[PDB]
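In: structure for the following, please:
(one chain, ligands or ions: 1)
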Amino acid sequence: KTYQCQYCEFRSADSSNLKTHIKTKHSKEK
Ligand SMILES: [Zn+2]
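Out: Numbering: from 1, shown residues only. Find the structure here:
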C-alpha cells in the first residue's frame, strides 16, 4: 500500500516525503 496525509488529500508512497510534507504544508511555524 501507500501512505495518506491526515490534513489534505496527499497520498504518497514515501514516508520521508510525507512527514516533511505535513511539516512544510500544515504544521510549519505559527
Ligand atoms: Zn497534506
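In: contacts, neighbours, all on C-alpha from now
Out: Fine.
In: can you give me the neighbour number for residue 4?
Out: 15 (other Cα atoms under 10 Å).
In: can you pull the contacts of it?
Out: Contact analysis of residue 4 by Cα atoms under 8 Å, 6 or more residues apart in numbering lists 10-12, 18.
In: roughly how far is stretch 11-30 from the heart of the chain?
Out: The chain centre lies 3 Å from the centre of stretch 11-30; the measure is Cα atoms, centre = their mean, to the nearest Å.
In: what about dumping the CA coordinates of it to CSV?
Out: The C-alpha coordinates for stretch 11-30 follow below in CSV (Å, rounded to 0.1, in the frame of the first residue of the first chain):
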residue,chain,number,x,y,z
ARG,A,11,-1.2,10.3,-0.6
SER,A,12,2.4,9.5,-1.4
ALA,A,13,4.2,6.1,-1.3
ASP,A,14,7.0,7.6,0.7
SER,A,15,7.4,8.4,4.4
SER,A,16,10.4,10.8,4.1
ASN,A,17,8.3,13.0,1.8
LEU,A,18,5.0,12.6,3.7
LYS,A,19,6.3,13.7,7.1
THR,A,20,8.2,16.6,5.5
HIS,A,21,5.0,17.4,3.6
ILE,A,22,3.0,17.6,6.8
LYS,A,23,5.6,19.9,8.4
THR,A,24,6.1,22.3,5.4
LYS,A,25,2.4,22.3,4.4
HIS,A,26,0.2,22.1,7.5
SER,A,27,2.3,22.5,10.7
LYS,A,28,5.1,25.0,9.8
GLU,A,29,5.9,28.0,12.1
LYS,A,30,2.9,29.7,13.7
